[PDB]
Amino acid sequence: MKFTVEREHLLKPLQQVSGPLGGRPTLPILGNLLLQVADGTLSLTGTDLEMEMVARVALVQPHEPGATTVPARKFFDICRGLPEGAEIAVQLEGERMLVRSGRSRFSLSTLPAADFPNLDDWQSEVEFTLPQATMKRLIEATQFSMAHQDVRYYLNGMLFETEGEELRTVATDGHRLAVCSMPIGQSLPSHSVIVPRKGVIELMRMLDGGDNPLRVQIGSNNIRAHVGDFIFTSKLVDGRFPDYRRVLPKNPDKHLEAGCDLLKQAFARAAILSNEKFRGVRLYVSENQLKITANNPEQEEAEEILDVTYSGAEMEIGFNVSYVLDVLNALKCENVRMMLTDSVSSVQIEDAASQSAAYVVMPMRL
């Protein structure tokens, strides 16, 4: 195996394939990157067994086929450490991989490429393409609502659902939920899968914000995403997701509208004096006015009064303020709409000018 490539041509690829790592590398080989030269292309692969990232780099300079694996972080750091514009010559010599550039020489240990975890092939059942910007919007709109390491393991990820020509994402931890739908101009079969939390993060990281479109393939137990010369594959969570449609409040009779910035700031200040652990705050809605209060075990209290658009009956309701702030932070719009029912029902929050995303938060009793 032999190849020579410009440092700048390796940086992005190396950065993208090092992602699968980071976790607890009980197995040494998982700390390595698989390098394969074949048909005039260098392929770099990183994996943690649950997912893998593959990057292909065209070789415009002399090369020889072969494969091996080397310590990921060390190889990446060596390449990044070389000067801008450096030509990196790599050759496999026995049980070591040599990296030479200018008057800098490195000899790295290797592990057989034949021993590198090889994720089995699978068949895609659903496929579609969409702008990177659309995937970014879908994940960013709901990611914060995923559970971390909940016993309800199927919540430690994000639902990706296809229906008609829409692609939708849903995330929930059982107490608050986020859903975002976007039409992608392609007839799709009705299908739903859950992508693991780490997979969602990796998918988001692969979007450079360029024009390169994203091609997605979903199988029975895996999902693959193609962007430019990068291919990310992840196992899917083997479980079923909650009925989010039932979560969305039937027909709320109360409607409140207010500036997103003013509302966020009011809740943020009030939160300061809320219980550090349970974070409860109370809302008092009345004719065109909202009063937010909060108190803690130290008997400290905060009160915010804001002008809002509301003409329904007066009502009081409590909420975990962190859940509310998470939603307002996710909504980068001018005005927000809160749809209420009563003090013992959840609230649905949306951008007042768009129904593309909806947030539902359970109320807190007190």
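C-alpha atoms forming the largest set that superposes within 1.5 Å between two forms make up the rigid core. So that there is no doubt, residue numbering starts at 1 and follows the sequence shown.
Between stretches 248 to 256 and 132 to 140, the one whose Cα atoms sit farther from the displayed model in 8 other deposited structures of this protein on average is 248 to 256 (core-aligned, root mean square). Superposing the other copies on the rigid core and comparing 235 to 243 to 160 to 168, farther C-alpha placement in 8 other deposited structures of this protein marks 235 to 243.
Modelled in this chain, residue 23 is nonetheless unresolved in at least one third of the other entries of the protein that span it on both sides. For the pair 265 to 273 and 112 to 120, the mean B factor over Cα atoms is greater in 112 to 120.
Mean CA temperature factor is higher for 212 to 220 when stretches 212 to 220 and 161 to 169 are set side by side in the entry. In the PDB entry, the Cα temperature factor peaks, among 320, 69, 341, 45, at 341.
Among 325, 35, 54, 331, the highest C-alpha B-factor in the deposited entry belongs to 331. Placement of the Cα temperature factor of residue 252 within the chain: highest third of the modelled residues, per the deposited record. Residue 286: CA B factor in the highest third of modelled residues in this chain (values from the PDB entry). The deposited CA B-factor of residue 96 belongs to the highest third of values across its chain. Placement of the Cα temperature factor of residue 187 within the chain: middle third of the modelled residues, per the deposited record.
Among all modelled residues in its chain, residue 229 ranks in the middle third by Cα B-factor.
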